[PDB]
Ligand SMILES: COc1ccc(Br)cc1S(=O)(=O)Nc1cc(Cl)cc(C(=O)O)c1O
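A single chain, nothing else alongside it, follows as structure tokens in the form solved without this ligand.
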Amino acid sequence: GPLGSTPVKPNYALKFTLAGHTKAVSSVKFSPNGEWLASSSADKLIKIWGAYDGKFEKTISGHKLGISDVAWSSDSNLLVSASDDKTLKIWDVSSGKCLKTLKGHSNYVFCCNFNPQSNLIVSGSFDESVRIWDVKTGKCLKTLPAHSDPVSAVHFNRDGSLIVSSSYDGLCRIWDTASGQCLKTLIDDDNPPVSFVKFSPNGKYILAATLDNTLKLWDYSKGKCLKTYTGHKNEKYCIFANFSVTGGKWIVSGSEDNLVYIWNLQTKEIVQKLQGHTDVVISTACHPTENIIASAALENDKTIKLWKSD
């Protein structure tokens, strides 16, 4: 919009606060077609909300325990969610009904994701494994003995040929989806738990979060750390982190000081901090085409806020 596309700093501003979840919100995700927003919560439910007006839409349910993650498919037609009931469920966002219940993990399922071709589901559990599922057959294709502690994040690259995973075991791993073979391990000489990780939108980099109030940008081919983003508080929870591109080029993340941080990807300088939540901001999301950010707070707050910028 009106400010650059390479502005000095953006001016995100609160436009809506969504309320409905009776417990702590875990994550929020904008549909690929940018029309919706889905949120998972400790209250065992998933909620859909209009991306631009914030208006409540529907409540998809079925999980027996808490849901720590929820993700969309490319066609914006399905959702997958990681629950403490030890399962993952495929959902028809249209009918709100549960299509498949992926059974296999022996502990909580902490994270999940579809591949671009939406025929596969990657999952991360407490049991320290990473599983690849078949969306149609609802069966498990592989059980990667990925880490030696709980797995905090799982993500596919542009063509779903690679899977990146994180764990409290202080490790970041890249997997070959086809063979399930461990291709690379991003390591550190301190080994702080890795709370989050994700491929960049061009696939050349990995954005990772460690519980030492730090965010890192990695060149995975080279296995080198290019950027280090700091200034916030993250030592206890697994806060998702995003790549903002629609307007400027930022790295966005929730925080434990109840704020939302926005950093310049190149300079690593904080450019803006969104104030409004009254408890840790565990999840943020960046709108696919418009400068819209979606933040979600913990039980102490229980809301979701939508911020728009120029």
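Residues that one form lacks are left out of the comparison. Here the rigid core means the biggest group of C-alpha atoms that line up within 1.5 Å when the two forms are laid on top of each other. A residue's number is simply how far along the shown sequence it sits, counting from 1.
There is another form of this protein, the form solved in complex with this ligand, and it is not shown here; the text below is about that form.
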property: Single option in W72, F156, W175, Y205 placed near this ligand in the deposited bound form, where near means a heavy atom within 4.5 Å; result: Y205
property: Contact residue in the deposited bound form, from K184, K86, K233, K227 (heavy atom within 4.5 Å of this ligand); result: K227
property: One stretch from 194 to 202, 131 to 139, 175 to 183, 90 to 98 that, in the deposited bound form, holds residues within 4.5 Å of this ligand by heavy atom; result: 194 to 202
property: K249, heavy atom within 4.5 angstroms of this ligand in the deposited bound form; result: yes
property: Partner contact for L120 in the deposited bound form: this ligand, 4.5 angstroms, heavy atom; result: no
property: Distance check, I270 to this ligand in the deposited bound form, heavy atom within 4.5 Å; result: no
property: Contact of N258 with this ligand in the deposited bound form (heavy atom, 4.5 Å); result: no
property: Consecutive-residue runs (3+) with Cα displacement of 2 Å or more between this form and the one not shown, core aligned; result: 6 to 8
